[PDB]
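> Sharing my_file21.tsv (TSV, C-alpha atoms and all ligand atoms) below.
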```tsv
chain	number	residue	atom	x	y	z
H	7	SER	CA	-7.76	-5.94	-3.57
H	8	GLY	CA	-4.13	-7.14	-3.45
H	9	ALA	CA	-1.21	-7.85	-1.17
H	10	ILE	CA	2.60	-7.92	-1.01
H	11	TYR	CA	4.02	-11.37	-0.21
H	12	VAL	CA	7.57	-10.99	1.15
H	13	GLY	CA	9.23	-13.70	3.29
H	14	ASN	CA	6.57	-15.08	5.67
H	15	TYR	CA	4.61	-11.81	5.65
H	16	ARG	CA	1.45	-10.66	3.86
H	17	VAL	CA	1.10	-6.85	3.58
H	18	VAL	CA	-2.46	-5.58	2.93
H	19	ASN	CA	-4.51	-2.42	3.28
H	20	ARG	CA	-5.67	-2.39	6.95
H	21	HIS	CA	-9.20	-1.57	5.78
H	22	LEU	CA	-9.29	-4.77	3.60
H	23	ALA	CA	-7.76	-7.15	6.20
H	24	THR	CA	-9.59	-10.47	6.71
H	25	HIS	CA	-10.38	-12.34	9.96
H	26	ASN	CA	-7.46	-14.66	9.18
H	27	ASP	CA	-5.16	-11.59	8.89
H	28	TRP	CA	-6.32	-10.26	12.33
H	29	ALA	CA	-5.95	-13.79	13.86
H	30	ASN	CA	-2.29	-14.02	12.55
H	31	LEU	CA	-1.37	-10.37	13.10
H	32	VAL	CA	2.25	-9.15	13.05
H	33	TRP	CA	1.71	-5.31	12.95
H	34	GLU	CA	-0.96	-2.77	12.03
H	35	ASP	CA	-1.14	1.01	11.77
H	36	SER	CA	-4.42	2.81	11.08
H	37	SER	CA	-2.67	6.14	10.31
H	38	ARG	CA	-0.82	4.41	7.41
H	39	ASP	CA	-3.70	2.10	6.29
H	40	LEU	CA	-1.36	-0.92	6.63
H	41	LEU	CA	-1.61	-4.35	8.25
H	42	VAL	CA	0.87	-7.25	8.12
H	43	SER	CA	-0.03	-10.87	8.91
H	44	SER	CA	2.08	-14.05	9.00
H	45	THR	CA	1.98	-16.70	6.23
H	46	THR	CA	2.73	-20.42	6.10
H	47	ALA	CA	4.28	-20.25	2.58
H	48	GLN	CA	7.25	-17.96	1.62
H	49	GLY	CA	6.47	-15.16	-0.89
H	50	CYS	CA	8.32	-13.93	-3.99
H	51	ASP	CA	8.06	-10.14	-3.75
H	52	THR	CA	11.15	-8.13	-2.75
H	53	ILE	CA	10.95	-4.69	-1.08
H	54	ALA	CA	12.69	-1.64	-2.62
H	55	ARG	CA	15.19	0.20	-0.36
H	56	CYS	CA	15.52	3.62	-2.10
H	57	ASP	CA	14.09	7.18	-2.60
H	58	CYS	CA	12.75	6.63	-6.23
H	59	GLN	CA	9.94	8.92	-7.29
H	60	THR	CA	9.17	7.10	-10.54
H	61	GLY	CA	7.72	3.63	-10.90
H	62	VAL	CA	4.81	1.57	-12.21
H	63	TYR	CA	1.53	0.62	-10.49
H	64	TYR	CA	-1.23	-1.91	-11.16
H	65	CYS	CA	-4.78	-0.54	-11.69
H	66	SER	CA	-7.39	-3.33	-11.45
H	67	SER	CA	-10.20	-1.10	-12.75
H	68	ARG	CA	-8.28	-0.79	-16.05
H	69	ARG	CA	-6.39	-4.17	-16.07
H	70	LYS	CA	-3.29	-2.08	-16.74
H	71	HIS	CA	0.07	-1.16	-15.29
H	72	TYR	CA	0.82	2.57	-15.55
H	73	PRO	CA	4.13	4.41	-15.26
H	74	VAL	CA	3.88	7.26	-12.73
H	75	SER	CA	5.85	10.00	-11.01
H	76	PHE	CA	4.95	10.14	-7.28
H	77	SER	CA	5.62	12.40	-4.31
H	78	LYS	CA	7.81	11.50	-1.32
H	79	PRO	CA	6.03	9.79	1.63
H	80	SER	CA	4.20	12.53	3.56
H	81	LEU	CA	1.30	13.40	5.87
H	82	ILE	CA	-1.64	14.12	3.47
H	83	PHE	CA	-5.30	15.00	4.17
H	84	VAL	CA	-7.58	12.33	2.70
H	85	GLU	CA	-11.36	12.84	2.26
H	86	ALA	CA	-13.89	10.55	3.95
H	87	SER	CA	-14.49	7.14	2.36
H	88	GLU	CA	-16.58	4.15	3.63
H	89	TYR	CA	-13.47	2.99	5.66
H	90	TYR	CA	-12.12	6.12	7.31
H	91	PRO	CA	-13.41	9.59	8.16
H	92	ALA	CA	-11.65	12.60	6.53
H	93	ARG	CA	-8.23	12.63	8.23
H	94	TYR	CA	-4.47	12.91	7.84
H	95	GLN	CA	-2.84	9.69	6.49
H	96	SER	CA	0.90	9.28	7.09
H	97	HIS	CA	3.62	7.81	4.82
H	98	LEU	CA	1.40	8.43	1.74
H	99	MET	CA	2.68	9.22	-1.79
H	100	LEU	CA	0.50	10.81	-4.49
H	101	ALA	CA	0.52	10.50	-8.28
H	102	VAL	CA	-1.76	11.40	-11.17
H	103	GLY	CA	-3.68	8.27	-12.17
H	104	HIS	CA	-6.91	6.32	-12.01
H	105	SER	CA	-7.92	4.71	-8.66
H	106	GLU	CA	-11.40	3.41	-7.65
H	107	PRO	CA	-11.98	1.90	-4.14
H	108	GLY	CA	-11.40	-1.67	-5.27
H	109	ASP	CA	-8.02	-0.69	-6.80
H	110	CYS	CA	-6.59	-0.68	-3.22
H	111	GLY	CA	-3.88	-3.30	-2.88
H	112	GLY	CA	-2.36	-2.91	-6.33
H	113	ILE	CA	1.45	-2.78	-6.21
H	114	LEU	CA	3.62	0.23	-6.99
H	115	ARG	CA	7.19	-0.88	-7.94
H	116	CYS	CA	10.42	0.76	-9.07
H	117	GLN	CA	13.70	-0.56	-10.44
H	118	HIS	CA	14.65	-1.82	-6.88
H	119	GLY	CA	11.44	-3.78	-6.05
H	120	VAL	CA	8.03	-3.14	-4.38
H	121	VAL	CA	7.57	0.45	-3.13
H	122	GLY	CA	4.01	0.31	-1.72
H	123	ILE	CA	0.33	-0.44	-2.40
H	124	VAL	CA	-2.62	1.65	-3.64
H	125	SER	CA	-4.46	3.10	-0.59
H	126	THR	CA	-6.41	6.21	-1.78
H	127	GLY	CA	-8.13	7.50	-4.92
H	128	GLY	CA	-10.47	9.99	-6.62
H	129	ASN	CA	-10.17	13.34	-8.39
H	130	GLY	CA	-7.76	11.80	-10.93
H	131	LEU	CA	-5.16	11.08	-8.18
H	132	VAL	CA	-3.91	7.76	-6.78
H	133	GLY	CA	-2.25	7.51	-3.35
H	134	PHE	CA	0.15	4.75	-2.27
H	135	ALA	CA	1.03	3.57	1.23
H	136	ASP	CA	4.85	3.39	1.32
H	137	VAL	CA	6.55	0.27	2.77
H	138	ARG	CA	10.22	1.10	2.02
H	139	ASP	CA	10.94	2.21	5.62
H	140	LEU	CA	9.67	-1.14	7.09
H	141	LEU	CA	13.11	-2.78	7.19
H	142	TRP	CA	11.92	-5.68	9.34
H	143	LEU	CA	9.92	-7.06	6.35
H	144	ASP	CA	13.32	-8.37	5.06
H	145	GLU	CA	14.00	-10.64	8.10
H	146	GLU	CA	12.59	-12.90	10.92
Q	1	LIG	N1	-6.55	4.86	3.00
Q	1	LIG	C1	-7.60	5.64	2.90
Q	1	LIG	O1	-7.87	6.54	3.70
Q	1	LIG	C2	-8.56	5.27	1.78
Q	1	LIG	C3	-9.23	3.94	2.12
Q	1	LIG	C4	-10.74	3.99	1.95
Q	1	LIG	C5	-11.16	4.65	0.60
Q	1	LIG	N2	-10.32	5.80	0.25
Q	1	LIG	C6	-10.12	6.25	-1.01
Q	1	LIG	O2	-9.49	7.26	-1.22
Q	1	LIG	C7	-10.64	5.40	-2.16
Q	1	LIG	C8	-11.40	6.20	-3.20
Q	1	LIG	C9	-11.35	5.84	-4.55
Q	1	LIG	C10	-12.08	6.53	-5.50
Q	1	LIG	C11	-12.89	7.60	-5.12
Q	1	LIG	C12	-12.95	7.99	-3.78
Q	1	LIG	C13	-12.20	7.27	-2.84
Q	1	LIG	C14	-13.78	9.19	-3.40
Q	1	LIG	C15	-13.89	10.18	-4.56
Q	1	LIG	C16	-14.17	9.52	-5.88
Q	1	LIG	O3	-14.86	10.06	-6.75
Q	1	LIG	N3	-13.64	8.29	-6.07
Q	1	LIG	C17	-9.53	6.35	1.35
Q	2	ZN	ZN	13.73	2.47	-6.29
```
Go ahead and express the file in the form of structure tokens.

Amino acid sequence: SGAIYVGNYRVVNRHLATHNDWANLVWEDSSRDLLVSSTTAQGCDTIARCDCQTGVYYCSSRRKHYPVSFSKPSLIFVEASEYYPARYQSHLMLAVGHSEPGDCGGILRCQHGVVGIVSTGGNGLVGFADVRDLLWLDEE
């Protein structure tokens, strides 16, 4: 589990969104595994605006933050899980690291701020849903 709290937005994995998220919906995209809902309180996270390919992510199944090298956001085939059939996921970045289903939501960050959240796992790989192109998270 986990979310990004930027401005009056909460960014979560679409497959982990709650009823309150769907009832306060700002934007969602199944192909990216992302959903954004509105919040009453302002958050403290800042979004990175860059093309870094190195950063650090939080792994809840290890209680550890790991430094990783990751690919650029791309269209990647992801195997079936209990939330989606096997399909192509867009804006996804891969790295070598540990990721169990419940690790979804952990933040990946670089020197500029939050880059994305854990969205996929298995086979010794971790995949992150990028948020750096969502410029509207910084306003309104
Ligand atoms: N965004 C997505 O499509 C993900 C959301 C739902 C779940 N998805 C995952 O990848 C999560 C995942 C984590 C660990 C494993 C596995 C899956 C299958 C193989 C294995 O041995 N371990 C897919
Ligand atoms: Zn960066």
> Distance CA of residue 102 (chain H)-CA of residue 36 (chain H), one decimal place?
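Going from CA of residue 102 (chain H) over to CA of residue 36 (chain H) covers 24.0 Å.
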> If you count all atoms listed in the file, which residues fall within 8 Å of residue 83 (chain H), apart from same-chain ones fewer than 3 positions away, as an mmCIF file with C-alpha atoms, in the coordinates of the input?

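Contents of the output file selection_8.cif:
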```cif
data_model
loop_
_atom_site.group_PDB
_atom_site.id
_atom_site.type_symbol
_atom_site.label_atom_id
_atom_site.label_comp_id
_atom_site.auth_asym_id
_atom_site.auth_seq_id
_atom_site.Cartn_x
_atom_site.Cartn_y
_atom_site.Cartn_z
ATOM 1 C CA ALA H 92 -11.650 12.600 6.530
ATOM 2 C CA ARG H 93 -8.230 12.630 8.230
ATOM 3 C CA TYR H 94 -4.470 12.910 7.840
ATOM 4 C CA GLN H 95 -2.840 9.690 6.490
#
```
> At what distance in Å, to one decimal, does CA of residue 110 (chain H) lie from CA of residue 24 (chain H)?
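Taking CA of residue 24 (chain H) and CA of residue 110 (chain H), their separation equals 14.3 Å.
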> Given 6 Å on each side, where is the centre and what are the edge lengths in Å to one decimal of the axis-aligned box enclosing the listed atoms of region 34-53 of chain H, as AutoDock Vina command-line options?

```
--center_x 3.4 --center_y -7.1 --center_z 4.0 --size_x 27.6 --size_y 38.6 --size_z 28.0
```
> Residues at most 8 Å from region 112-121 of chain H, counting only C-alpha atoms, excluding those fewer than 5 positions away in the same chain, as a list in words?
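These residues fall inside the cut-off: residues 7, 8, 9, 10, 51, 52, 53, 54, 55, 56, 58, 60, 61, 62, 63, 64, 65, 66, 134, 136, 137 and 138 of chain H.
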> May I ask for the distance between CA of residue 76 (chain H) and CA of residue 32 (chain H), given in Å to one decimal place?
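Value for the CA of residue 76 (chain H)-CA of residue 32 (chain H) distance: 28.2 Å.
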> Set the distance at 8 Å and use all atoms listed in the file: which residues neighbour residue 67 (chain H) once local chain neighbours fewer than 3 positions away are removed? I'd like the list as a PyMOL selection string.
chain H and resi 105-106+108-109
> Find the spatial neighbours of residue 103 (chain H), counting only C-alpha atoms, within a cut-off of 10 Å - ignore same-chain residues fewer than 4 positions away - and output them as a PyMOL selection string.
chain H and resi 63+65+72-75+127-133
> Just the residues within 9 Å of residue 98 (chain H), please, counting all atoms listed in the file, with nothing from its chain fewer than 3 positions along; format it as JSON, numbers by chain.
{"H": [38, 77, 78, 79, 80, 81, 82, 95, 125, 126, 133, 134, 135, 136]}
> Out of H:100, H:84, H:23, H:31, which residue has the shortest atom-to-atom distance to ligand LIG 1 (chain Q) when counting only C-alpha atoms and all ligand atoms?
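Going through H:100, H:84, H:23, H:31 one by one, the smallest distance to ligand LIG 1 (chain Q) is for H:84.
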> Smallest atom-to-atom distance to ligand LIG 1 (chain Q): which of H:35, H:27, H:145, H:57, using all atoms listed in the file?
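Between H:35, H:27, H:145, H:57, the residue approaching ligand LIG 1 (chain Q) most closely is H:35.
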> Using all atoms listed in the file for the distances, tell me which of H:122, H:37, H:146, H:111 is nearest to residue 22 (chain H).
H:111
